[PDB]
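Worksheet: the structure to be examined is printed underneath.
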Amino acid sequence: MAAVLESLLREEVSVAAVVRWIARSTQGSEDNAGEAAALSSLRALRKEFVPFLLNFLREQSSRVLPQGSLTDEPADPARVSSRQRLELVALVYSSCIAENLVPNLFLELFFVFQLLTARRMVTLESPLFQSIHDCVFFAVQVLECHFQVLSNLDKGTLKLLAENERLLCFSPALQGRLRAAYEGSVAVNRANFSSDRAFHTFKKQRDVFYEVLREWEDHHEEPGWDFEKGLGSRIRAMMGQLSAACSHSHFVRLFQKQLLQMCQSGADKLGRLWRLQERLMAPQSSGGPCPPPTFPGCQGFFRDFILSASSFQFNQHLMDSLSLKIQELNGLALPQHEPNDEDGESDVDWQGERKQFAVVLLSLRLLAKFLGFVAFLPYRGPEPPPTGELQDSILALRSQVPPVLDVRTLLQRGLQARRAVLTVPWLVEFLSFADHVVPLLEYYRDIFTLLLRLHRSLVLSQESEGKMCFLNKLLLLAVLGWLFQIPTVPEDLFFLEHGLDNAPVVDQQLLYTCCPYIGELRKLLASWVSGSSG
Amino acid sequence: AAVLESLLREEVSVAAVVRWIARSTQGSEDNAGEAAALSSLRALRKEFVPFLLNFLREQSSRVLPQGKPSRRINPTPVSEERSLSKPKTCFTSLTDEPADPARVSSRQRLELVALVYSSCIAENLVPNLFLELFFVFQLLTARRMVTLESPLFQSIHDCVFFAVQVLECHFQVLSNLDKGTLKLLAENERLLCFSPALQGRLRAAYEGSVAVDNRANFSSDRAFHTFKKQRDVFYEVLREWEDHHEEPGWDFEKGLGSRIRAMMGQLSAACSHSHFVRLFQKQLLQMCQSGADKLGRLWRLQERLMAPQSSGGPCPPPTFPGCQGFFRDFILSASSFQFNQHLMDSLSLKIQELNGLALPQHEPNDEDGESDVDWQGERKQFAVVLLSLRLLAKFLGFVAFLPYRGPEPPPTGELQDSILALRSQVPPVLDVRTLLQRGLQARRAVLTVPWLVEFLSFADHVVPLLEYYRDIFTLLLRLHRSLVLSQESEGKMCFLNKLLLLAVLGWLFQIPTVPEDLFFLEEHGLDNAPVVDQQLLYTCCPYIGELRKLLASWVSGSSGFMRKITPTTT
Amino acid sequence: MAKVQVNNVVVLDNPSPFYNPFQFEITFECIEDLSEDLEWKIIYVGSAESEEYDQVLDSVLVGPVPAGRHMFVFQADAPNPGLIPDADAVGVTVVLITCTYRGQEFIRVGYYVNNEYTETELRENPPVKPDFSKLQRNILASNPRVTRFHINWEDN
Amino acid sequence: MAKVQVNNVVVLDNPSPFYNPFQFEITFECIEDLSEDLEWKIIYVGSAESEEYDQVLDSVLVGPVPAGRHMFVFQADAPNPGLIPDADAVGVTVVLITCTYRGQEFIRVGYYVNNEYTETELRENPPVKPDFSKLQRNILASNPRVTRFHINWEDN
Amino acid sequence: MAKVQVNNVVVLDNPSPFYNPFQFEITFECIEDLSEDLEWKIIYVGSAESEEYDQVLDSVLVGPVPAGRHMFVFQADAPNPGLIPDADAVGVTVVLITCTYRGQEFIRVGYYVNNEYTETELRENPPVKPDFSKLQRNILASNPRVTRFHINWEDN
């Protein structure tokens, strides 16, 4: 293992050969005899070279990155020691990232930015990072290869990258490219209710539900407001009164309708105020380009509601309604544009269709999320896999009840029909709320294997005249890497042995709404700038 | 009524019409006139049997009611300084007309109607055989009249004659009933008066019957301690119930709901629901499934105390008798999604495991009696298995459909497609259709059907409309129509197995949830062994005894305006 | 000093159609275990002019009677209509309870009963004949009269 | 949600001869108002062998029943000794107290009754033919065995 | 089941010049004991265009926190006017008060701050170059906008 790392560092075997060997690529006629023989001999050590490589960089980064009068010594590429080793390691890292060997592309990009944005050291044998010069050079060398991903990021993050001093110092060409980037980027009824007493009771319960929601809206941001003490008694009384007169179906329909209606949702002073208001609801800010699943904003309320309800009847009806709605939405035709002519008079049409799709997808995500929240609610808990053995009883017990939603069949049909962009994201949202014992059942094991195969088939460098647009690839790769980096999913799982998709349907706004952790990159730069002034 | 009247004229033979209703193939012996008439009336088919049954219900209305010193009072020592015991103010001729077959009017008409009724019941055209047998017994034990045009029941003589005529055909079913009911039929006076031969055969049958844990399983250590505490609490509440579940006024909710809910909460806290559900199911199976002359008499008395509800006829609604009741209440009082889901998973696992047991039965070789134990062993084994299965299935069907069950009959003819679409999505908790199909294919109906019926009896009013359960009910209907208690093909299914299956299926098809029109809608191995005995038949179907009660009732009432007491206020 | 001391006499089924047996739930206090047995007897005043028409409903005997706060419920039959003089019975009469200890009486209770008809016509045009088909007796006014007497509690 | 609930039942004077009438005090708590009259019954188990010898002592109708806690008594005539078989006369039997609404039963509070001989020579020498005049019936009121069923308490 | 919860926050010097230090009163209720030191921070958004101009006013390390309602003060120096751009100096901005535990943030009680000119001539004639000496900061304490996240409060 360490031996293979040293052999690569000595250049006996080319970096391309080892990366191809890790990727299980077919052995071509051009393969060299010595390199092929060495890699075949070490094949027994395959499947763990890459995680060890990541751990090695993480450990050596500890001295350059804190935790995991003083002047600021500017970083210059002249005072660089062992430049050859750093360049080789950066090239190998870039090859690994570009082949999707790593689980989360943006996690690796975040680490690269952290190396590029190191302030000062904190107090094979020789470490690979002797000074900020070495780490900055490594980061810039790796980032040089990855330009398309950066080019398609936000306009603001592009600007912060543009004004960075270290990038100019180490790679002026890259800066001229990302400058051109920022440049262009800125250039752009009585029948339903049985009997009549039931109808009246449903009217009262709907009134009470809207009353409690209005109370939440008025009071869900003031300090000290606890949802339980505030609303649990009322929600539980409503659940009881609704179960009494068997009216859970109508209330769940109203609940889902409102969920979709609400969650999915000087002039200069108003726009700046909107930006500030976005700042108020900004993500966790703590860090991590792969944050755990969470309910931001209005969605939070509903989660709390379900938790406070604690009702078998309401939970079952909600599960049924959400499954039905998700299946209905996933089957929408969503006729996308036909790329004919360059006429701009049809401008509106594009956006129309695009927006439609975005709406649909977002709704799906939301619904799926709540479904995955309630379906696995009884099983989720701080109980990691019991142990290596004695768990066959648990797997047998939990492998019987059929899944609430046939997610495997939906995923397979979507992949076969080339609707991955619409079918995968909400499946990932659904699975992110699993427990610690789901990534072991044959059903969900096959689901995860299929997701792994799909992710390995999504490389952000190829083009075959209309396979999959770049931004679609970015969205799917980001969501899949985020899925594969949740604590519930075992770390070893990844290391185990025409059509909507073809047309462009995800744009920057949709990408940043679906994945509100790309901004992390921007945040890092901003932090640096702030800490540059401080 | 026109077809009924035409049959009454003897234009078409009873056998011909009975075979025509069953959609039997037209043989070469079919008569031209009868075949033509039946083909013409085919438009009125599919409801002739229901119409005949209804006709008997209306015409039976006239036969049944409707659709010196003195004592000494040793005062009770119940001082109990309390309530009104407190101080206050300054206190400081109608004869029984015996039934005789001589006074019978339109004997031919009664005979034809009785023969048609017997043919219909014996061919399984009717949904529940024992419901019809109970009705026949009710006719047989009619006291007096209460104050096409001519009624078919002019006097108690006519109804008694009809009942005995119907019973004549059915002897095997009666012969295989309990000893007590056989005795009551044998000693019955009306049978001797109207049919000495049937009473003699039943007397012979009665005489013949008389001649017979660890730290590894529990993650962490807090979970282990809290699970021990909750097991102790569960056993405490169970003991409290056992001690106090029959004293008047003891309500389960007020008594135990707070404790059960607190247990539920702390157990959900440390994610230990699986182990508690294992304990719950183990206790359920262990408990619910479960001078010498003085002990036998005490057993008989104790059976009398816990006899099922007397109002319920031969098709009582599903219920939890005895210890089972507790557990139902428990499930109701917890009202926890987590516990309910874990219980459904555990019950599904146990049902799947039990239903697949091999249960190698005896090979019927030789007549040696030395192998007695072996017979007993295998039979008992099967019985145990079956009973356990039934119990588990019942509770599963109780909790799976709990969120949907309610006093909400089918919404209406239309506007319900939304409900069916909504309810056709979630897969069933247990793949009952596949299990039923595999059981029927493998010839294990006696073991696979009863627990399926227990599971389905707790369905909803919208379950018989789903495609899945609609197909399940269609398959059960075909199976029930395939169980005729007169045929034999050298080893298809022993008689008592047929009786048990037919009784359970008829009871299922006479539950309010199942639509009445569903049954009348358009159409080696564990089985085939003497695995079901009288004890098992009466344990699986504790409503056959209804027949016995009826007879007993009559006898008692042979020996025997109420009052208007007004309740005292607070 | 008396060993017996009634403490109430609940009337059961106060509004009752005719022919319904009289019901009385008595609760009485015993302080010492008297050897003999008490004798509770219930009287319906058939007519208001003389006692020859009085009909003894029934006379139960009670014992043994240990010390404590004991009670019972007594059910007497309906009055015999054969000896009824005339409609005077329909007038408010009295039903009384007397208990004879040592064979001597020491208490009476007055419960004037409004023997009232059922049909409205029967009140507007009541028949001269004392028709017993419809009537409402046993309606007790709930008046606890106590005619205590100094009965001799001889040891023998 | 049973419209009618039941609470402690006290059988009055459980120690009595075989001819003494039964006496029960039942305190049934009704939640809201009923539209008809409860039907209470006594079933005396003449023989444990079968129901063939069950004796319906007396059926009473109780109403009207507006909301509130109510109680009453159910005096019924003693069982006819003629019907009771020979062997089962001296043994222990059961008496069932049932209630029904719209011909539907919802409570069957039972009772284990015992039948001894008071005088010692009869127990020492049990006569072949039971003589009902000298038997003592004791109702074990301390261990009632109730059973409850669920019925529809609808308006019609 | 977070060990630390937060309640009403009272900003005292809500009316102040642009150079006056901030002053907040946070009433955080801790349920059980913590194993480390709570870390509070204030982030002043210098410009609404981007985070590039965010100013970390001061980070405090406060953890003497037995269960109970607690208090402290979070005075921090005013933001340096040099870094804040020109356009965003005169407009309305927001100040975020964040808290972290084990380097992990779990509450972001915010505040809408406004920056006017006191003198009437300044509002009438807004100078091209902002003069922070005469700028007035008003913090809208009546409409706090808090957001809460769930974290693992484990031992280690």
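Cβ coordinates were reconstructed from backbone atoms using ideal geometry, including for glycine residues, and neighbour counts include every protein chain displayed. Values quoted throughout were computed directly from the atomic coordinates according to the rules given, and no laboratory measurement underlies them.
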message: Let me check against my output: what whole-number percent is the relative contact order of the range B:320-436, with C-alpha pairs under 8 Å and at least 6 apart?
response: 34
- request: Among A:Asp218, C:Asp77, rank each residue by its count of other Cβ atoms within 10 Å, from fewest to most, as a rough exposure measure.
  value: A:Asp218, C:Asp77
task: Calculate the dipole size of the range C:4-124 relative to its Cα centre from +1 charges on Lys and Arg beta carbons and -1 charges on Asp and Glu beta carbons; express the result in debye to the nearest 20.
output: 380
query: Is it possible to state the helix-based mean residue ellipticity at 222 nm for chain B, with each DSSP H run of 4+ residues giving -39500 (n - 2.57), the sum divided by total residues, to the nearest 500 deg cm²/dmol? What is it?
result: -18000 deg cm²/dmol
message: Within 9 Å, Cβ to Cβ, of A:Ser131, how many net charges do the neighbouring residues add up to if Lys/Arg are +1 and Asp/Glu are -1?
response: -1
field: Partner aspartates and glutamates for A:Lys229 [C-alpha distance under 17 Å; skip if fewer than 8 residues away on the same chain]
entry: A:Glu211, A:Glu215, A:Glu217, A:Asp218, A:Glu221, A:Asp304, E:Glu29
task: Output, in nm with one decimal and in ascending order, the distances from the C:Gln104 label point to the matching label points of the other copies (7 Å from Cα along Cα-to-Cβ).
output: 6.1, 9.5
Charge dipole of the range B:76-191 about the Cα centre (unit charges at C-beta), most positive-ward option of B:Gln108, B:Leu94, B:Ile156: B:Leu94
message: I'd like the FRET efficiency for C:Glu121 and C:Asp86, computed as 1/(1 + (r/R0)^6) with the beta carbon distance as r and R0 of 22 Å, rounded to 0.05.
response: 0.65
- prompt: Roughly speaking, what is the centre-to-centre gap between the range B:211-252 and the range A:110-160 when only Cα atoms are used, to the nearest Å?
  reply: 60
query: Between rounded, prolate and oblate, where does the range D:4-139 land on the alpha carbon gyration tensor, with a ≥ b ≥ c its root eigenvalues, rounded for a/c under 1.5, else prolate if a/b exceeds b/c?
result: prolate
task: Within chain E, what's the longest run with no GluC sites (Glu not before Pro) in a DSSP loop and at most 12 other beta-carbon atoms within 10 Å? Give the range, please.
output: E:37-118
- line: Percent antiparallel among DSSP beta bridges confined to chain D, nearest 5, equals 100
field: Positive-end residue, the range D:4-139 charge dipole about Cα centroid, Cβ charges, pick of D:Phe132, D:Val90, D:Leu122
entry: D:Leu122
field: Number of partner chain Cβ atoms within 10 Å, mean per residue of D:44-57
entry: 6
- request: Would you please classify the overall shape of the range A:132-219 from the alpha carbon gyration tensor, given that a ≥ b ≥ c denote the square roots of the eigenvalues, rounded means a/c under 1.5, and beyond that prolate means a/b larger than b/c while oblate covers the rest?
  value: prolate
Pairwise label distance in nanometres, A:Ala44 with A:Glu87, each label 7 Å out on the Cα-Cβ vector: 3.6
statement: Shape call for the range A:2-146, from the Cα gyration tensor axes a ≥ b ≥ c (a/c under 1.5 means rounded, otherwise prolate when a/b beats b/c, else oblate), comes out prolate
- request: List A:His337, B:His275 from most exposed to least, where exposure is judged by having the fewest other Cβ atoms within 10 Å.
  value: A:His337, B:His275
- prompt: With θ set to phi - 60° and the Karplus curve 6.51 cos²θ - 1.76 cosθ + 1.60, what are the ³J(HN,Hα) couplings of the range C:137-149 in order, to the nearest whole Hz, using x for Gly and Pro?
  reply: 9, 6, 7, 8, 5, 6, 10, x, 7, 9, 9, 4, 10
message: How shielded is C:62-69 by partner chains, expressed as the average number of their Cβ atoms within 10 Å of its Cβ atoms?
response: 4
- request: Taking the Cα centre of the protein assembly as shown as origin, sum charge times position over the Cβ atoms of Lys and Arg (+1) and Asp and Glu (-1), and report the length of that vector in debye to the nearest 20.
  value: 900
field: Computed FRET value (nearest 0.05) for C:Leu61 with D:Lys134, which takes r as the C-beta separation and R₀ as 22 Å
entry: 0.75
- prompt: In terms of modelled amide H atoms, which long-range or inter-chain residues lie less than 5 Å from the amide H of E:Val11?
  reply: E:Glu25
- request: Step through the residues of the range A:427-434 one at a time and calculate ³J(HN,Hα) from phi using the Karplus curve (6.51 cos²θ - 1.76 cosθ + 1.60, θ = phi - 60°), rounding each to whole Hz and writing x for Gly and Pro.
  value: 5, 5, 4, 5, 6, 4, 9, 6
field: the protein assembly as shown - Rg (one decimal) and Dmax (whole number), Cα, Å
entry: 44.2, 141
message: Contact order normalised by length for the range E:4-139, with contacts defined as Cα pairs under 8 Å and 6 or more residues apart; what percent is it?
response: 28
statement: Taking the convex hull of the alpha-carbon atoms of chain B and averaging its shadow over every direction gives an area in square nanometres of 40.2
query: Nearest 0.05, what FRET efficiency do B:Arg239 and B:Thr319 give at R0 = 35 Å with Cβ-Cβ as r?
result: 0.90
message: Please compute the modelled spin-label separation between C:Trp153 and B:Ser258, points set 7 Å along Cα→Cβ, answer in nm with one decimal.
response: 4.7
message: Sort B:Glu189, B:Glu123 by Cβ crowding within 10 Å, fewest neighbours at the top.
response: B:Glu189, B:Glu123
